[PDB]
Structure formats: structure tokens, C-alpha cells
Amino acid sequence: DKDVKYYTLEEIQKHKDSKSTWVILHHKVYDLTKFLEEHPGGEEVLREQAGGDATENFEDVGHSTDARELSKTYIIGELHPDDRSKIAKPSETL
């Protein structure tokens, strides 16, 4: 409600251990901890790209033109602008 919650890619990569699961959908960190079983599909399918690159594995699924907007109420941030100043050249590395 103020701020970008710019989360570093290190931070997000921890979030798949037990409960806390975040999933990234076009330079946006979506928190889906309270959307695992609540997701109409299963649970583990979100976890398949927890703490990283869920983009390609989400837009491709082509959800709808109503539900993908709903994700915005679950945006907890986006890629930290240091690292994301570097997407420009992926050369990611590393």
C-alpha cells in the first residue's frame, strides 16, 4: 500500500520448504501460501516453480482473462531492482 516489496531472488528461492510458497509471474512475486489447495488445480503444481521461474509455466496455461487479473490481490512484491536492472542482459550469470 506504499511500496514495492522488492524481493531479491535469493530471498524467494527459500520459499518452498513447508508452507511459505511464493511463485513469480512476470517480474512480480505472488505469495500463494494461502492459495495452495485453494488453487483450482491441486497444490503441488504451484510448488513445481516455487521460489522462482513460474512465468512460462503459468501464462502458457492460458488461465482466462478474469482470473489472471485476480493474482494482483496476492502480489507481495516484484524482483529486486538491483538484480532486475541486470535483466537487460541475461547474461543472468549467476
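Sequential numbering from 1 applies to the sequence shown in the entry's author numbering. No residue lacks a Cβ here, since even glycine has one placed at the ideal position from N, Cα and C.
Residue range of the unbroken beta strand (DSSP E) whose run includes residue i
i, result
"residue 87", "Segment: none, residue 87 is in no beta strand (DSSP E) and carries neither H nor E."
Three-state secondary structure assigned by DSSP to residue i
i, result
"residue 4", "coil"
"residue 25", "coil"
"residue 79", "strand"
Outcome for residue i when other beta-carbon atoms lying within 10 angstroms are tallied against a minimum of 16
i, result
"residue 45", "exposed"
"residue 77", "buried"
"residue 12", "buried"
Residue i - containing alpha helix (DSSP H), residue span
i, result
"residue 56", "56 to 59"
"residue 67", "67 to 70"
"residue 9", "9 to 12"
"residue 46", "44 to 47"
Contact set for residue i: own chain, Cβ-Cβ below 7 Å, skip 5 residues either direction
i, result
"residue 20", "33"
6 Å CB neighbourhood of residue i in its chain, flanking five on each side removed
i, result
"residue 37", "43"
"residue 83", "9"
Spatial distance of residue i from residue j (CA atoms)
i, j, result
"residue 18", "residue 7", "19 Å"
"residue 63", "residue 73", "16 Å"
Interface flag, residue i vs chain D, CB-CB below 8 Å
i, result
"residue 22", "Protein chain content of the structure displayed is limited to a single chain, and chain D is not contained in it."
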